[PDB]
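A.B. asks: Could you have a look at this structure, given as structure tokens, before my questions?
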Protein chains: 2
Amino acid sequence: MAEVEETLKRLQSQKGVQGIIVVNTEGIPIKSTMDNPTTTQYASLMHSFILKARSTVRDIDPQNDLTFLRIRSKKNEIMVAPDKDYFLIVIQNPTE
Amino acid sequence: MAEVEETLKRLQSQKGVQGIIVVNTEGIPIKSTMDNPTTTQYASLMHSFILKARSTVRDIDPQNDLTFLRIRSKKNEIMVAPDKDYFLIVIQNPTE
């Protein structure tokens, strides 16, 4: 999980990134670099969302496996990155 | 496609960025800063992949609609950004 701690501390430096979440395969968020429940919410949602992608990638091309994601929105933005058996989250704010 | 030409020329500066593609709302890739058909592929698939998200953002919160996208596969990462009615496309490689 340290390698992820490196894929995390990196966003930590980015601008706007206020917190990050690190869940495992079971679907339970192991670490939570945010208020307290923010990890619990993104762990029950961002968990299934990133999953709908890791699979689609194969449909369009089983050779281009997935490795990291990034979705921008209005209220803010969210960086992601599923490691070997875990996945990360990055709630960062735009224009800060 | 001017304001977009600004959301584009920006990536143009990025490094790994090798090309870009512009589409509208009908799904037709208006412009194409890449191969001849490479745009047709990123213009017919990037439209359905970004929809799976634009719908999720609403689920978690219909008040926080989406705004832009960005994914990272094994070869490189495809950046995107659907404006009022024109979405853009990007193909820049990671590992700066």
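Each chain in the structure tokens gets a letter, A, B, ..., in the order shown, and its residues are numbered from 1; ligands are numbered from 1 in order too.
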Counting only C-alpha atoms, which residues of chain B sit at most 8 Å from some atom of chain A, and what is each one's closest atom pair with its distance in Å to one decimal, listed by chain and rising residue number, as a Markdown table?
C.D. replies:
```
| residue | atom | partner | partner_atom | distance |
| --- | --- | --- | --- | --- |
| B:56 | CA | A:49 | CA | 7.8 |
| B:57 | CA | A:73 | CA | 7.7 |
| B:64 | CA | A:75 | CA | 5.5 |
| B:65 | CA | A:74 | CA | 6.1 |
| B:66 | CA | A:73 | CA | 4.1 |
| B:67 | CA | A:73 | CA | 4.6 |
| B:68 | CA | A:72 | CA | 4.8 |
| B:69 | CA | A:71 | CA | 4.6 |
| B:70 | CA | A:70 | CA | 4.8 |
| B:71 | CA | A:69 | CA | 4.5 |
| B:72 | CA | A:68 | CA | 5.0 |
| B:73 | CA | A:66 | CA | 4.6 |
| B:74 | CA | A:64 | CA | 5.3 |
| B:75 | CA | A:64 | CA | 7.0 |
```
A.B. asks: How would the residues just picked look written out with N, CA and C atoms as a PDB file, in the first residue's frame?
C.D. replies:
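Result file follows (result_1.pdb):
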```pdb
ATOM      1  N   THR B  56     -23.641   9.183 -13.616  1.00  0.00           N
ATOM      2  CA  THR B  56     -23.302   8.927 -12.188  1.00  0.00           C
ATOM      3  C   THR B  56     -23.301  10.247 -11.410  1.00  0.00           C
ATOM      4  N   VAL B  57     -22.540  11.208 -11.860  1.00  0.00           N
ATOM      5  CA  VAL B  57     -22.493  12.520 -11.152  1.00  0.00           C
ATOM      6  C   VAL B  57     -23.903  12.932 -10.722  1.00  0.00           C
ATOM      7  N   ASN B  64     -24.718  18.565  -8.956  1.00  0.00           N
ATOM      8  CA  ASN B  64     -23.279  18.628  -9.336  1.00  0.00           C
ATOM      9  C   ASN B  64     -23.056  17.891 -10.660  1.00  0.00           C
ATOM     10  N   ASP B  65     -23.625  18.386 -11.726  1.00  0.00           N
ATOM     11  CA  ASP B  65     -23.451  17.710 -13.044  1.00  0.00           C
ATOM     12  C   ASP B  65     -21.965  17.590 -13.390  1.00  0.00           C
ATOM     13  N   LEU B  66     -21.642  16.811 -14.387  1.00  0.00           N
ATOM     14  CA  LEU B  66     -20.212  16.650 -14.778  1.00  0.00           C
ATOM     15  C   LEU B  66     -19.720  17.899 -15.511  1.00  0.00           C
ATOM     16  N   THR B  67     -18.551  17.842 -16.084  1.00  0.00           N
ATOM     17  CA  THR B  67     -18.020  19.030 -16.813  1.00  0.00           C
ATOM     18  C   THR B  67     -16.879  18.609 -17.745  1.00  0.00           C
ATOM     19  N   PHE B  68     -16.006  17.759 -17.279  1.00  0.00           N
ATOM     20  CA  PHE B  68     -14.870  17.304 -18.133  1.00  0.00           C
ATOM     21  C   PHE B  68     -14.457  15.887 -17.733  1.00  0.00           C
ATOM     22  N   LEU B  69     -13.691  15.217 -18.550  1.00  0.00           N
ATOM     23  CA  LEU B  69     -13.271  13.835 -18.195  1.00  0.00           C
ATOM     24  C   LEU B  69     -11.775  13.651 -18.423  1.00  0.00           C
ATOM     25  N   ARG B  70     -11.280  12.504 -18.066  1.00  0.00           N
ATOM     26  CA  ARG B  70      -9.835  12.200 -18.260  1.00  0.00           C
ATOM     27  C   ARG B  70      -9.540  10.790 -17.739  1.00  0.00           C
ATOM     28  N   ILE B  71      -9.058   9.924 -18.587  1.00  0.00           N
ATOM     29  CA  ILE B  71      -8.770   8.531 -18.138  1.00  0.00           C
ATOM     30  C   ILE B  71      -7.331   8.137 -18.479  1.00  0.00           C
ATOM     31  N   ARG B  72      -6.780   7.204 -17.751  1.00  0.00           N
ATOM     32  CA  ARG B  72      -5.385   6.762 -18.029  1.00  0.00           C
ATOM     33  C   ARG B  72      -5.353   5.245 -18.224  1.00  0.00           C
ATOM     34  N   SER B  73      -5.042   4.799 -19.408  1.00  0.00           N
ATOM     35  CA  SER B  73      -4.994   3.330 -19.667  1.00  0.00           C
ATOM     36  C   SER B  73      -3.560   2.810 -19.517  1.00  0.00           C
ATOM     37  N   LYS B  74      -3.153   1.906 -20.365  1.00  0.00           N
ATOM     38  CA  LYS B  74      -1.766   1.361 -20.268  1.00  0.00           C
ATOM     39  C   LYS B  74      -0.825   2.133 -21.196  1.00  0.00           C
ATOM     40  N   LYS B  75      -1.269   2.444 -22.383  1.00  0.00           N
ATOM     41  CA  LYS B  75      -0.401   3.193 -23.335  1.00  0.00           C
ATOM     42  C   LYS B  75      -0.272   4.652 -22.892  1.00  0.00           C
TER      43      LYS B  75
END
```
A.B. asks: Could you do a least-squares fit of chain A on chain B over every C-alpha atom, in sequence order, and give the output as a tab-separated table (two decimals) with N, CA and C atoms, in the first residue's frame?
C.D. replies:
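File produced: selection-v2.tsv:
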```
chain	number	residue	atom	x	y	z
A	1	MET	N	-17.01	27.19	-30.64
A	1	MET	CA	-16.00	26.09	-30.60
A	1	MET	C	-14.61	26.66	-30.30
A	2	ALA	N	-14.41	27.93	-30.51
A	2	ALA	CA	-13.07	28.52	-30.21
A	2	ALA	C	-12.75	28.34	-28.73
A	3	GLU	N	-13.68	28.64	-27.87
A	3	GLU	CA	-13.42	28.44	-26.42
A	3	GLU	C	-12.84	27.05	-26.22
A	4	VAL	N	-13.32	26.10	-26.97
A	4	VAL	CA	-12.78	24.72	-26.87
A	4	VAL	C	-11.37	24.72	-27.46
A	5	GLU	N	-11.20	25.41	-28.55
A	5	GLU	CA	-9.86	25.50	-29.17
A	5	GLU	C	-8.89	26.00	-28.11
A	6	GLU	N	-9.40	26.64	-27.10
A	6	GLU	CA	-8.54	27.12	-26.00
A	6	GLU	C	-8.42	25.99	-24.98
A	7	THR	N	-9.50	25.27	-24.77
A	7	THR	CA	-9.45	24.12	-23.84
A	7	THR	C	-8.64	23.00	-24.50
A	8	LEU	N	-8.29	23.19	-25.74
A	8	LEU	CA	-7.51	22.18	-26.49
A	8	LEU	C	-6.05	22.59	-26.56
A	9	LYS	N	-5.78	23.68	-27.21
A	9	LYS	CA	-4.38	24.16	-27.32
A	9	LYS	C	-3.68	24.04	-25.97
A	10	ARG	N	-4.42	24.11	-24.90
A	10	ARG	CA	-3.79	23.99	-23.55
A	10	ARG	C	-3.16	22.61	-23.43
A	11	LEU	N	-3.91	21.57	-23.66
A	11	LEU	CA	-3.33	20.21	-23.59
A	11	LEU	C	-2.21	20.12	-24.61
A	12	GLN	N	-2.45	20.68	-25.75
A	12	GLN	CA	-1.45	20.71	-26.81
A	12	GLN	C	-0.07	21.01	-26.21
A	13	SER	N	-0.03	21.88	-25.23
A	13	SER	CA	1.27	22.22	-24.59
A	13	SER	C	1.69	21.11	-23.61
A	14	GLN	N	0.74	20.54	-22.91
A	14	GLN	CA	1.08	19.45	-21.95
A	14	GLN	C	2.12	18.50	-22.55
A	15	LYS	N	2.73	17.68	-21.74
A	15	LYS	CA	3.77	16.75	-22.28
A	15	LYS	C	3.16	15.39	-22.63
A	16	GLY	N	3.49	14.86	-23.78
A	16	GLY	CA	2.95	13.53	-24.18
A	16	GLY	C	1.72	13.70	-25.07
A	17	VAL	N	0.90	14.67	-24.79
A	17	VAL	CA	-0.31	14.89	-25.62
A	17	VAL	C	0.08	14.97	-27.09
A	18	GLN	N	-0.24	13.93	-27.81
A	18	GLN	CA	0.12	13.86	-29.26
A	18	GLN	C	-1.01	14.40	-30.14
A	19	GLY	N	-2.23	14.30	-29.71
A	19	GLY	CA	-3.34	14.80	-30.57
A	19	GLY	C	-4.62	15.03	-29.76
A	20	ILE	N	-5.61	15.63	-30.37
A	20	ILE	CA	-6.89	15.90	-29.66
A	20	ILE	C	-8.06	15.78	-30.64
A	21	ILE	N	-9.24	15.50	-30.16
A	21	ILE	CA	-10.41	15.39	-31.08
A	21	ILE	C	-11.56	16.28	-30.59
A	22	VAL	N	-12.28	16.89	-31.50
A	22	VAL	CA	-13.41	17.76	-31.08
A	22	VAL	C	-14.69	17.31	-31.78
A	23	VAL	N	-15.56	16.65	-31.07
A	23	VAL	CA	-16.83	16.18	-31.69
A	23	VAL	C	-17.99	17.09	-31.26
A	24	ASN	N	-19.16	16.90	-31.82
A	24	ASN	CA	-20.32	17.76	-31.44
A	24	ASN	C	-21.36	16.94	-30.67
A	25	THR	N	-22.61	17.33	-30.75
A	25	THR	CA	-23.67	16.58	-30.02
A	25	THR	C	-24.18	15.42	-30.87
A	26	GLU	N	-24.37	15.64	-32.13
A	26	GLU	CA	-24.86	14.54	-33.01
A	26	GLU	C	-24.05	13.27	-32.76
A	27	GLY	N	-22.84	13.42	-32.29
A	27	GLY	CA	-21.97	12.24	-32.03
A	27	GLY	C	-20.92	12.13	-33.13
A	28	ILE	N	-20.88	13.10	-34.00
A	28	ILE	CA	-19.91	13.08	-35.11
A	28	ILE	C	-18.72	13.99	-34.78
A	29	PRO	N	-17.54	13.48	-34.99
A	29	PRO	CA	-16.32	14.27	-34.71
A	29	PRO	C	-16.15	15.37	-35.77
A	30	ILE	N	-16.29	16.61	-35.38
A	30	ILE	CA	-16.15	17.73	-36.36
A	30	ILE	C	-14.69	17.93	-36.73
A	31	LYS	N	-13.86	18.21	-35.77
A	31	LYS	CA	-12.42	18.42	-36.06
A	31	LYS	C	-11.60	17.22	-35.58
A	32	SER	N	-10.43	17.02	-36.13
A	32	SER	CA	-9.59	15.87	-35.71
A	32	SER	C	-8.11	16.25	-35.73
A	33	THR	N	-7.56	16.56	-34.59
A	33	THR	CA	-6.12	16.93	-34.54
A	33	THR	C	-5.27	15.67	-34.34
A	34	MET	N	-5.44	14.69	-35.19
A	34	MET	CA	-4.67	13.43	-35.07
A	34	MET	C	-4.40	12.85	-36.46
A	35	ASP	N	-3.87	11.65	-36.53
A	35	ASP	CA	-3.60	11.04	-37.87
A	35	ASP	C	-4.79	11.28	-38.81
A	36	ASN	N	-5.75	10.40	-38.81
A	36	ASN	CA	-6.93	10.61	-39.70
A	36	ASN	C	-8.18	9.92	-39.12
A	37	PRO	N	-8.06	8.64	-38.84
A	37	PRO	CA	-9.18	7.89	-38.27
A	37	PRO	C	-9.18	7.90	-36.75
A	38	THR	N	-8.07	8.18	-36.13
A	38	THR	CA	-8.05	8.20	-34.64
A	38	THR	C	-9.27	8.97	-34.12
A	39	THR	N	-9.62	10.05	-34.76
A	39	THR	CA	-10.80	10.84	-34.31
A	39	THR	C	-12.07	10.01	-34.53
A	40	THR	N	-12.13	9.30	-35.62
A	40	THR	CA	-13.34	8.47	-35.91
A	40	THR	C	-13.51	7.37	-34.85
A	41	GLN	N	-12.44	6.75	-34.42
A	41	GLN	CA	-12.58	5.68	-33.39
A	41	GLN	C	-12.99	6.28	-32.05
A	42	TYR	N	-12.28	7.27	-31.59
A	42	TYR	CA	-12.64	7.89	-30.29
A	42	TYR	C	-13.99	8.60	-30.40
A	43	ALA	N	-14.42	8.90	-31.60
A	43	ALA	CA	-15.74	9.58	-31.76
A	43	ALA	C	-16.87	8.56	-31.62
A	44	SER	N	-16.61	7.31	-31.92
A	44	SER	CA	-17.67	6.28	-31.80
A	44	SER	C	-17.57	5.59	-30.44
A	45	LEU	N	-16.52	5.84	-29.71
A	45	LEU	CA	-16.37	5.20	-28.37
A	45	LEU	C	-16.31	6.28	-27.28
A	46	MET	N	-15.23	7.00	-27.19
A	46	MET	CA	-15.13	8.06	-26.16
A	46	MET	C	-16.43	8.86	-26.11
A	47	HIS	N	-17.15	8.91	-27.19
A	47	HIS	CA	-18.43	9.67	-27.21
A	47	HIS	C	-19.44	9.04	-26.25
A	48	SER	N	-19.64	7.76	-26.35
A	48	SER	CA	-20.62	7.08	-25.45
A	48	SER	C	-20.05	6.96	-24.04
A	49	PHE	N	-18.77	6.80	-23.92
A	49	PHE	CA	-18.15	6.68	-22.56
A	49	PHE	C	-18.40	7.96	-21.77
A	50	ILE	N	-17.87	9.05	-22.24
A	50	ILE	CA	-18.08	10.34	-21.52
A	50	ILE	C	-19.57	10.53	-21.24
A	51	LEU	N	-20.41	9.97	-22.07
A	51	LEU	CA	-21.88	10.12	-21.84
A	51	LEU	C	-22.28	9.34	-20.59
A	52	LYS	N	-21.77	8.15	-20.43
A	52	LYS	CA	-22.12	7.35	-19.22
A	52	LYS	C	-21.74	8.13	-17.96
A	53	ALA	N	-20.89	9.11	-18.10
A	53	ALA	CA	-20.47	9.91	-16.91
A	53	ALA	C	-21.38	11.12	-16.74
A	54	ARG	N	-21.43	11.99	-17.72
A	54	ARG	CA	-22.30	13.20	-17.61
A	54	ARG	C	-23.63	12.84	-16.97
A	55	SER	N	-24.07	11.62	-17.14
A	55	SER	CA	-25.37	11.20	-16.53
A	55	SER	C	-25.15	10.73	-15.09
A	56	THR	N	-24.24	9.81	-14.89
A	56	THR	CA	-23.98	9.31	-13.51
A	56	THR	C	-23.82	10.48	-12.54
A	57	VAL	N	-22.97	11.42	-12.88
A	57	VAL	CA	-22.75	12.60	-11.98
A	57	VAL	C	-24.08	13.03	-11.35
A	58	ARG	N	-25.12	13.06	-12.13
A	58	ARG	CA	-26.45	13.47	-11.58
A	58	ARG	C	-26.93	12.44	-10.56
A	59	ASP	N	-26.89	11.18	-10.91
A	59	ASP	CA	-27.35	10.13	-9.96
A	59	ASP	C	-26.74	10.36	-8.58
A	60	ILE	N	-25.45	10.53	-8.52
A	60	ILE	CA	-24.78	10.76	-7.20
A	60	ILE	C	-25.04	12.19	-6.72
A	61	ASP	N	-25.34	13.08	-7.62
A	61	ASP	CA	-25.60	14.49	-7.22
A	61	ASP	C	-25.93	15.34	-8.45
A	62	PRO	N	-27.19	15.61	-8.63
A	62	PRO	CA	-27.66	16.42	-9.78
A	62	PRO	C	-27.18	17.87	-9.65
A	63	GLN	N	-26.62	18.22	-8.52
A	63	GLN	CA	-26.14	19.62	-8.33
A	63	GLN	C	-24.69	19.76	-8.82
A	64	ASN	N	-23.94	18.69	-8.78
A	64	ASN	CA	-22.52	18.76	-9.24
A	64	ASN	C	-22.42	18.34	-10.71
A	65	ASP	N	-23.09	19.05	-11.57
A	65	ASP	CA	-23.03	18.70	-13.02
A	65	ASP	C	-21.59	18.39	-13.45
A	66	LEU	N	-21.42	17.78	-14.58
A	66	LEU	CA	-20.04	17.46	-15.06
A	66	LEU	C	-19.47	18.64	-15.85
A	67	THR	N	-18.20	18.60	-16.16
A	67	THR	CA	-17.60	19.72	-16.93
A	67	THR	C	-16.34	19.24	-17.67
A	68	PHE	N	-15.56	18.40	-17.05
A	68	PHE	CA	-14.32	17.89	-17.72
A	68	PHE	C	-13.95	16.52	-17.15
A	69	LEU	N	-13.24	15.72	-17.90
A	69	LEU	CA	-12.86	14.37	-17.39
A	69	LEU	C	-11.37	14.12	-17.58
A	70	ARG	N	-10.89	13.03	-17.06
A	70	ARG	CA	-9.46	12.69	-17.19
A	70	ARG	C	-9.22	11.24	-16.75
A	71	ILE	N	-8.86	10.38	-17.67
A	71	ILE	CA	-8.63	8.95	-17.30
A	71	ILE	C	-7.21	8.52	-17.69
A	72	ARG	N	-6.50	7.92	-16.78
A	72	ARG	CA	-5.11	7.47	-17.10
A	72	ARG	C	-5.10	5.96	-17.35
A	73	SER	N	-4.29	5.50	-18.26
A	73	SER	CA	-4.24	4.03	-18.54
A	73	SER	C	-2.80	3.55	-18.68
A	74	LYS	N	-2.61	2.38	-19.23
A	74	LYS	CA	-1.23	1.84	-19.40
A	74	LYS	C	-0.62	2.31	-20.72
A	75	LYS	N	-1.18	1.87	-21.82
A	75	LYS	CA	-0.64	2.29	-23.15
A	75	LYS	C	-0.41	3.80	-23.17
A	76	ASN	N	-1.23	4.54	-22.46
A	76	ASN	CA	-1.06	6.02	-22.44
A	76	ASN	C	-2.12	6.65	-21.52
A	77	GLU	N	-2.50	7.87	-21.81
A	77	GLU	CA	-3.53	8.55	-20.98
A	77	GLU	C	-4.48	9.32	-21.89
A	78	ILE	N	-5.60	9.74	-21.40
A	78	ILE	CA	-6.54	10.48	-22.28
A	78	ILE	C	-7.27	11.59	-21.52
A	79	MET	N	-7.04	12.82	-21.91
A	79	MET	CA	-7.74	13.95	-21.24
A	79	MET	C	-9.04	14.24	-21.99
A	80	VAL	N	-10.04	14.75	-21.33
A	80	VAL	CA	-11.32	15.02	-22.04
A	80	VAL	C	-11.98	16.27	-21.51
A	81	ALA	N	-12.99	16.72	-22.18
A	81	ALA	CA	-13.71	17.91	-21.70
A	81	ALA	C	-14.88	18.24	-22.64
A	82	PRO	N	-16.07	17.92	-22.19
A	82	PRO	CA	-17.28	18.18	-22.98
A	82	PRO	C	-17.76	19.62	-22.82
A	83	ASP	N	-17.66	20.41	-23.86
A	83	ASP	CA	-18.11	21.83	-23.77
A	83	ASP	C	-19.63	21.91	-23.72
A	84	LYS	N	-20.17	23.03	-24.10
A	84	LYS	CA	-21.65	23.20	-24.08
A	84	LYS	C	-22.34	22.12	-24.91
A	85	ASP	N	-21.97	21.99	-26.15
A	85	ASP	CA	-22.61	20.98	-27.03
A	85	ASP	C	-21.57	20.09	-27.70
A	86	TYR	N	-20.32	20.30	-27.41
A	86	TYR	CA	-19.25	19.47	-28.04
A	86	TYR	C	-18.40	18.81	-26.97
A	87	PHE	N	-17.45	18.01	-27.37
A	87	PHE	CA	-16.57	17.36	-26.39
A	87	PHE	C	-15.17	17.21	-26.98
A	88	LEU	N	-14.16	17.17	-26.15
A	88	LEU	CA	-12.78	17.08	-26.67
A	88	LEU	C	-12.12	15.75	-26.31
A	89	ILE	N	-10.97	15.51	-26.86
A	89	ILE	CA	-10.23	14.25	-26.57
A	89	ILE	C	-8.73	14.56	-26.53
A	90	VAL	N	-7.97	13.86	-25.73
A	90	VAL	CA	-6.51	14.18	-25.67
A	90	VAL	C	-5.68	12.90	-25.50
A	91	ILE	N	-5.19	12.34	-26.57
A	91	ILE	CA	-4.36	11.11	-26.44
A	91	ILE	C	-2.92	11.50	-26.08
A	92	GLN	N	-2.58	11.56	-24.82
A	92	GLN	CA	-1.19	11.97	-24.46
A	92	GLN	C	-0.43	10.78	-23.88
A	93	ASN	N	0.87	10.74	-24.07
A	93	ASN	CA	1.66	9.60	-23.54
A	93	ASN	C	2.42	9.99	-22.28
A	94	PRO	N	2.37	9.06	-21.39
A	94	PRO	CA	3.01	9.16	-20.06
A	94	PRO	C	4.53	8.96	-20.17
A	95	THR	N	5.26	9.38	-19.18
A	95	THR	CA	6.75	9.21	-19.21
A	95	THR	C	7.28	9.51	-20.62
A	96	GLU	N	7.37	10.76	-20.98
A	96	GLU	CA	7.89	11.10	-22.33
A	96	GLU	C	9.05	12.09	-22.23
```
A.B. asks: Could you give me, as number ranges by chain, each residue of chain A that DSSP assigns to strand (DSSP E or B) when run on this structure's backbone?
C.D. replies: A: 17-23, 29-33, 68-73, 77-82, 87-92
A.B. asks: Please, could you write that set of residues out with C-alpha atoms as a CSV table (one decimal), in the first residue's frame?
C.D. replies:
```csv
chain,number,residue,atom,x,y,z
A,17,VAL,CA,-6.9,18.3,-3.6
A,18,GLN,CA,-8.3,18.5,0.0
A,19,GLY,CA,-8.3,14.8,0.8
A,20,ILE,CA,-7.9,11.2,-0.6
A,21,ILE,CA,-9.3,7.7,0.2
A,22,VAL,CA,-7.6,4.3,0.0
A,23,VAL,CA,-9.9,1.3,-0.2
A,29,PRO,CA,-12.1,1.8,2.6
A,30,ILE,CA,-9.0,1.0,4.7
A,31,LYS,CA,-7.5,4.4,5.1
A,32,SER,CA,-9.3,7.8,4.9
A,33,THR,CA,-7.4,11.1,4.5
A,68,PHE,CA,-5.7,5.2,-13.3
A,69,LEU,CA,-8.8,7.5,-13.7
A,70,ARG,CA,-9.7,11.2,-13.6
A,71,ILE,CA,-13.1,12.8,-13.8
A,72,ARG,CA,-13.8,16.5,-13.5
A,73,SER,CA,-17.2,18.0,-12.4
A,77,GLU,CA,-13.0,17.3,-9.4
A,78,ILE,CA,-12.0,13.8,-8.4
A,79,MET,CA,-8.7,12.0,-9.2
A,80,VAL,CA,-8.5,8.2,-8.9
A,81,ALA,CA,-6.1,5.3,-9.3
A,82,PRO,CA,-6.8,1.6,-8.6
A,87,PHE,CA,-8.0,2.0,-5.2
A,88,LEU,CA,-7.5,5.7,-4.3
A,89,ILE,CA,-9.7,8.8,-4.3
A,90,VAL,CA,-8.9,12.5,-4.6
A,91,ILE,CA,-11.5,15.2,-3.9
A,92,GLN,CA,-9.7,18.3,-5.2
```
A.B. asks: From a DSSP pass on the backbone, collect the residues of region 1-88 of chain B flagged as helix (DSSP H, G or I) and hand them back as a ChimeraX atom specification.
C.D. replies: /B:2-13,38-44,46-60
